[PDB]
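In what follows, chains are A, B, ... by sequence order, proteins preceding strands, each numbered from 1. All values below were derived from every heavy atom in this structure, side-chain atoms included, with hydrogens, water molecules and symmetry-related copies excluded.
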Amino acid sequence: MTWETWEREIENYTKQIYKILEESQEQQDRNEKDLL
Amino acid sequence: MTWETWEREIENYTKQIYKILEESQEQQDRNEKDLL
Amino acid sequence: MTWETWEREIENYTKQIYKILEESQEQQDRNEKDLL
Amino acid sequence: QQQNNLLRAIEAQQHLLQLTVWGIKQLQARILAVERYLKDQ
Amino acid sequence: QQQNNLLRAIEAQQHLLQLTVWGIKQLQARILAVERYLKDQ
Amino acid sequence: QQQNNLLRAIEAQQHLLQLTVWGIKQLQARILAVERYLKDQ
C-alpha cells in the first residue's frame with residue numbers, strides 16, 4: 001500500500017458509498033410510490 | 001478548512017449522529033409498543 | 001489512552017462490526033428461507 | 001420510515017469520514033515537509 | 001429485529017470514528033510540536 | 001431488499017475506516033521516527 005493508491009482507494013469506496021446510498025433511496029421512493 | 005473548524009465540524013456531525021441514533025430507536029420502541 | 005490500547009480497541013470494534021454484519025445477514029437469510 | 005433514517009445516519013458518518021481523510025492528508029503533507037527539511041540539511 | 005442491529009453496527013463504527021479522531025488530533029499536536037521545535041532553532 | 005443494501009453500505013464504510021487506520025498508523029510511525037531523529041541529535 002502507498003499514499004497514491006490509498007487516495008485512489010478512498011475515492012473508490014467514497015464514490016461507491018454515495019452511489020449505494022442513492023440506490024437504496026431510489027428503491028425506497030419506488031416502493032413508496034408502489035404502496036402509495 | 002482549518003483545524004479549529006475541523007474539530008467543530010467533527011463535533012457537530014458526531015453530536016448529530018448520536019441524536020439520530022436515538023431518534024430511530026425512539027420510533028422503533030414506539031412502533032414495538034404499537035404492535036405490542 | 002495510548003497507542004497500544006488504541007490499536008487494540010480499533011481491532012476490538014472492527015472484529016465486532018464484522019461479526020455483527022454477519023449476524024444481521026444470518027437472520028436475513030434465515031427469514032428469507034422462512035417466507036420462501 | 002426507519003430505513004431512511006439509518007440511511008441518513010450513514011450519510012452523516014460519511015461526511016465525518018471525509019473530514020478525517022482531509023486531516024490525514026494534511027498531516028501526511030506536513031510530516032513529509034518536515035522529513036524533507038531534515039533531509040535537505 | 002434487524003433495524004436495531006444495523007443501528008448498533010453504526011453505533012460501533014461511530015466509536016471507531018471517535019478513536020480515529022483522537023489519533024489524528026494526537027498526531028497533529030505532535031507534528032506541530034516538531035514544526036515549532038525546528039522553527040525555534 | 002433494502003436492509004441488505006444498508007448492510008453493504010456499512011461494510012464499504014468499514015473498508016474506508018480500515019484505510020484511515022492504516023494511514024494514521026503510518027503517520028504515527030513517521031512522526032515517531034522524526035521525534036527520535038531529533039532527540040538522538
I'd like to check the salt bridge (charged side-chain N to carboxylate O under 4.0 Å, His left out) partners of B:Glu11; sequence neighbours left out, ordered by chain and number. none
For residues 13-26 of chain F, pull every pair meeting salt bridge (charged side-chain N to carboxylate O under 4.0 Å, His left out), keeping only residues two or more places apart or in separate chains. C:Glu7-F:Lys25
Can you list the residues that meet the side chain to side chain donor-acceptor pair (under 3.5 Å) rule with B:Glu4, with sequence neighbours excluded? B:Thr2
Not counting sequence neighbours, which residues clear salt bridge (charged side-chain N to carboxylate O under 4.0 Å, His left out) with D:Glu35? List them please. F:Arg30
Kindly check if the number of other-residue, nucleotide or ligand heavy atoms within 6.0 Å of CD (A:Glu32) is above 12? no
For C:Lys33, look at atom NZ and say whether over 12 heavy atoms of other residues, nucleotides or ligands are found less than 6.0 Å away. no
Within this structure, what is the CG-CG distance for the pair F:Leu17 and E:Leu17, rounded to the nearest 0.5 Å? 5.0 Å
May I ask you to list the residues sharing a hydrophobic cluster with F:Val34, side-chain cutoff 4.5 Å, ordered by chain and number? D:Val34, D:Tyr37, D:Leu38, E:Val34, E:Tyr37, E:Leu38, F:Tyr37, F:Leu38
For the residue pair B:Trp3 and D:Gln26, establish whether any side-chain heavy-atom pair is separated by less than 4.5 Å. yes
Tell me whether A:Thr14 contacts the main-chain N or O of A:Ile10 through its side chain, where contact means a donor paired with an acceptor under 3.5 Å. yes
A:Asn12: which residues meet the side chain to side chain contact (heavy atoms under 4.5 Å, CB included) condition with it, sequence neighbours left out? A:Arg8
Kindly write out the residues that satisfy side chain to side chain donor-acceptor pair (under 3.5 Å) with D:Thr20, not counting sequence neighbours, or none if the list is empty. none
Can you name the salt bridge (charged side-chain N to carboxylate O under 4.0 Å, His left out) partners of F:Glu11, sequence neighbours left out? F:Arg8
Nearest heavy-atom approach of C:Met1 to C:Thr5 is SD-CG2, 3.8 Å
Pairwise distance CG(F:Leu6) to CG(D:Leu7) - rounded to 0.5 angstrom: 6.0 Å
Run through the side-chain heavy atoms of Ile, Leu, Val, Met, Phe, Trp and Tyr, join any pair under 4.5 Å, and report what else lands in E:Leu32's cluster. none
Any residue meeting side chain to side chain contact (heavy atoms under 4.5 Å, CB included) with A:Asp34, in chain and number order, not counting sequence neighbours: A:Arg30, A:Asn31
How far does CD of D:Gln13 sit from CG of F:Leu16, to the nearest 0.5 angstrom? 11.5 Å
Identify each donor-acceptor pair in which a side-chain atom of residues 15-28 of chain B lies under 3.5 Å from a protein atom, sequence neighbours left out, and give them as a table.
from: B:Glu23; atom 1: OE2; to: B:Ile20; atom 2: N; distance (Å): 3.2
from: B:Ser24; atom 1: OG; to: B:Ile20; atom 2: O; distance (Å): 3.4
from: B:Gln25; atom 1: NE2; to: E:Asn4; atom 2: OD1; distance (Å): 3.0
from: B:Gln28; atom 1: NE2; to: D:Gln2; atom 2: OE1; distance (Å): 2.6

Okay, side chain of A:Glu9, backbone of F:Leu19: is any donor-acceptor separation there less than 3.5 Å? no
For B:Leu36, the rest of its hydrophobic cluster, which grows through side-chain links under 4.5 angstrom: none
